[PDB]
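From first to last, the protein sequence lines stand for chains A and B.
Under the authors' numbering, the letters of the first sequence match residues 2 to 348, in that order.
Under the authors' numbering, the letters of the second sequence match residues 2 to 348, in that order.
2 protein chains.
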Amino acid sequence: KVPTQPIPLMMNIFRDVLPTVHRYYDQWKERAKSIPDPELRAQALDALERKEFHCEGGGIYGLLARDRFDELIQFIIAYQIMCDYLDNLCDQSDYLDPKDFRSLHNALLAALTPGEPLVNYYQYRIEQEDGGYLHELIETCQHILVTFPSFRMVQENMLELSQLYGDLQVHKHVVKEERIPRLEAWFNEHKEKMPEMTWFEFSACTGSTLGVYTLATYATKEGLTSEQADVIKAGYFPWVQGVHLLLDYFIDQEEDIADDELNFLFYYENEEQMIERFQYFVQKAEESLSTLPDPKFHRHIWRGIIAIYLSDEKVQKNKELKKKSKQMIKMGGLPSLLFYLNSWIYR
Amino acid sequence: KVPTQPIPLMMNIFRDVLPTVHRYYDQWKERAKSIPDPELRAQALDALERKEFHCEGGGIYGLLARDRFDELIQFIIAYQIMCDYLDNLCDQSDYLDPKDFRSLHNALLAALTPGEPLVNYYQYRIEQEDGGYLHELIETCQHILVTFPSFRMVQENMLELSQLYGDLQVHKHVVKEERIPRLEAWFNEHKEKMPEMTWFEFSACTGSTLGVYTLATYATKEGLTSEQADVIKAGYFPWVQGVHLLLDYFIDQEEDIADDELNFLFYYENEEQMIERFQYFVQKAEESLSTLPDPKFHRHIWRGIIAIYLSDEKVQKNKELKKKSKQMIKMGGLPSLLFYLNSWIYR
Ligand SMILES: CC(C)=CCC/C(C)=C/CC/C(C)=C/CC/C(C)=C/CO
Ligand SMILES: CC(C)=CCC/C(C)=C/CC/C(C)=C/CC/C(C)=C/CO
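This is how it looks when you write it as structure tokens:
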């Protein structure tokens with residue numbers, strides 16, 4: 002059974018999760034260095050250099066599936082490395098071709114489809130020589146998921162989340178003036194299936210990978226039901242994924258204002274509405290998490306997400322953002338403790 | 002309104018205590034570089050390089066005296082720097098002259114005696130040109146303690162603990178064959194005023210500086226009575242200071258065996274008696290700490306100190322020492338958590 006008390010949970014993270022994540026992550030970093038195309042190589046290494054925390058955090062789900070610990074972490078790390086690599090490729094495109102963005106994000110759907118034939122995902126861009134990097138990441142996922150006893154029960158839900166994630170990455174990276182019309186028209190197709198929210202709130206809800214890792218985790222269990230697959234998806238989507246990305250965008254505000262970059266928080270009528278809706282998402286997130294198996298573990302993952310995000314220098318070294326962050330959610334001073342602990346370690 | 006819950010306590014330590022200690026400690030490092038005598042300079046800088054954790058730990062007492070935070074920490078740092086410097090000078094003496102050891106440790110008594118004229122503390126050794134390093138550490142303590150409204154009420158108790166500490170440093174640093182005879186004669190002078198214990202248990206009890214820092218902390222209060230000053234002294238001496246040094250000796254066993262260093266645990270008739278007496282010290286220490294003002298603070302700091310000691314790789318990587326440590330004190334998974342956290346940071 003998973004640790005649900007802080008001390009054993011933290012001990013298992015430092016002893017088991019982080020060394021196991023880094024065993025595989027550090028192997029991908031060595032592979033990325035051998036990418037022949039200098040632009041693909043740079044984007045791969047930048048994602049690996051800057052976004053380690055995504056894999057370190059995602060790997061914590063390993064604790065729910067000890068019998069498949071190494072394999073589940075290898076899947077989460079391969080899938081998350083792909084997301085961060087592809088995000089860099091889309092963010093750094095000089096061409097802004099949505100066919101390219103889509104073709105790249107179809108790699109994530111291949112990763113979730115064992116025996117899906119691998120295509121040239123780079124077919125709509127000039128840079129295509131990755132020495133098999135992307136194919137190796139896809140095949141890693143394919144070969145692991147197929148060994149999970151209830152993968153077939155969760156696969157449809159994983160693909161639904163991955164498709165929504167890919168759609169977001171396509172629409173938000175096109176030429177500035179075409180982004181919001183695409184996102185609004187895209188939201189309009191899903192809004193009937195969704196709780197009452199805005200196009201930009203929906204956009205945030207689709208931008209997380211947490212639901213995919215949670216479904217992959219429970220895929221390791223014998224006799225998972227279609228009913229439970231659906232409970233597990235609904236536990237994270239839309240509310241938890243929403244809070245995750247609303248925080249990501251909260252922390253990235255000052256660089257988005259300065260770099261004229263798409264930030265979903267900027268489409269709220271005012272700050273009062275933003276804080277009120279954020280608090281609503283948090284309450285709905287707490288309610289959705291409580292429906293899950295191992296609810297106490299999920300509530301710990303979730304508190305950890307909020308705390309680590311709000312501990313960012315961008316929040317804690319900005320008097321205004323720090324004040325507004327405590328208005329959004331009170332965390333018993335954990336964000337500040339993590340900032341000052343971090344600040345002490347690296348000096 | 003002193004922080005006692007783990008998150009706010011830890012946040013204050015990382016935000017307030019450690020950065021403030023680091024600032025004053027760094028200023029002492031730069032001051033030490035100006036020591037003219039090459040050997041005194043080498044010993045001052047070595048103590049400062051190796052023993053910063055003593056000041057980091059001692060400074061946590063600042064949180065009991067928020068009004069006097071910076072001044073109390075400057076006192077604690079100056080006193081502890083002096084202790085670790087003098088320890089080095091006595092350790093690395095080629096002549097092992099107890100007159101030298103005594104004269105050096107008389108600096109600690111001067112530090113606790115404002116308006117006292119100072120001697121040449123180096124008067125019994127070859128190396129004497131420190132450019133005022135030791136005088137400035139003394140004067141730093143003297144100038145801070147006079148500003149504490151209740152210093153006069155705790156001064157006698159502080160001088161008592163400082164005298165016994167000085168006595169221990171004198172007796173333990175002489176030639177190997179004179180150490181135990183000196184330590185037994187010394188204990189025999191104090192035996193009748195102490196709870197029942199061995200000369201080597203007594204030696205352990207006198208070797209900590211916690212009592213001095215705690216007394217200095219409550220010196221910052223208006224209208225401390227003699228009764229209260231005696232309660233505060235008894236809260237740390239002898240049981241808490243005893244646990245502190247017995248635990249230090251416990252962890253360093255393998256080191257002290259192979260470097261043939263003096264270790265007071267080796268004078269127990271066997272391991273079983275050593276563990277039995279340690280458990281007794283722990284109980285008396287818990288009892289004496291519970292008599293203090295802010296008893297949850299004192300309990301939390303003491304458990305933190307124990308957890309940090311037991312997290313040492315010397316304990317956690319040594320199956321035998323790990324078994325004995327878990328007999329000696331029940332800390333649950335905290336030492337193991339701190340071990341794996343440290344292992345991760347410094348991989
Ligand atoms: C009891 C405690 C403190 C538990 C710690 C819980 C932690 C560290 C959770 C990390 C949160 C997490 C899963 C982050 C992953 C980030 C991710 C997948 C980002 C993709 O954009
Ligand atoms: C919260 C942190 C990182 C504290 C660091 C400080 C450490 C490691 C302290 C452990 C030792 C300690 C509390 C010593 C007290 C000072 C003293 C009298 C030392 C002489 O043995």
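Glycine is no exception: its CB is placed at the ideal position from the N, C-alpha and C atoms.
Local conformation of residue i per DSSP, three classes
i       : result
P239(A) : coil
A230(A) : helix
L113(B) : coil
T218(A) : helix
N343(A) : helix
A66(A)  : coil
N13(A)  : helix
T141(A) : helix
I330(B) : coil
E193(B) : helix
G133(B) : coil
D313(B) : coil
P150(A) : coil
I127(B) : coil
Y86(B)  : helix
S104(B) : helix
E223(B) : coil
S94(B)  : coil
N158(B) : helix
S204(B) : helix
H172(A) : helix
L119(B) : coil
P182(B) : helix
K318(A) : coil
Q6(B)   : coil
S209(A) : coil
Residue i classed as buried or exposed, judged by whether at least 16 other C-beta atoms fall within 10 angstroms
i       : result
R24(B)  : exposed
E72(A)  : buried
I346(A) : exposed
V176(B) : exposed
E130(B) : exposed
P336(A) : buried
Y134(A) : buried
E190(A) : exposed
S291(A) : exposed
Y341(B) : buried
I61(A)  : buried
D95(A)  : exposed
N107(B) : buried
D17(B)  : buried
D85(B)  : buried
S289(A) : buried
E57(B)  : buried
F238(A) : buried
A186(B) : exposed
Per-residue contacts from residue i into chain B (C-beta, under 7 Å)
i     : result
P9(A) : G334
Where residue i meets chain A, residues with beta-carbon distance less than 7 Å
i       : result
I346(B) : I346
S337(B) : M12
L19(B)  : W345
Listed by chain order, chain B residues near residue i by CB distance under 8 Å
i       : result
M275(A) : Per Cβ cutoff of 8 Å: no residues; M275(A) is ~27 Å from chain B at best.
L342(A) : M11, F15
Nearest-angstrom beta carbon gap, residue j and residue i [assumed within contact, 8 Å]
i       : j       : result
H174(B) : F102(B) : 5 Å
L65(B)  : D295(B) : 6 Å
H245(B) : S204(B) : Not quite, the Cβ-Cβ distance comes to about 13 Å (not below 8 Å), so this is no contact.
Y268(B) : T199(B) : 7 Å
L160(B) : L113(B) : 5 Å
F152(A) : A230(A) : Actually they are not in contact, since the Cβ atoms of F152(A) and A230(A) sit about 10 Å apart, beyond 8 Å.
**Study point:** Entirely enclosed beta strand (DSSP E) segments - the segment 244-305 of chain B, minimum 3 residues
**Key:** Within the segment 244-305 of chain B, there are no complete beta strand (DSSP E) runs of at least 3 residues.
Exercise for review: Can you check the segment 18-81 of chain A for any beta strand (DSSP E) of at least 3 residues that lies completely inside it and give the ranges in chain order?
Suggested key: Counting only unbroken stretches of 3 or more residues, no beta strand (DSSP E) element lies wholly within the segment 18-81 of chain A.
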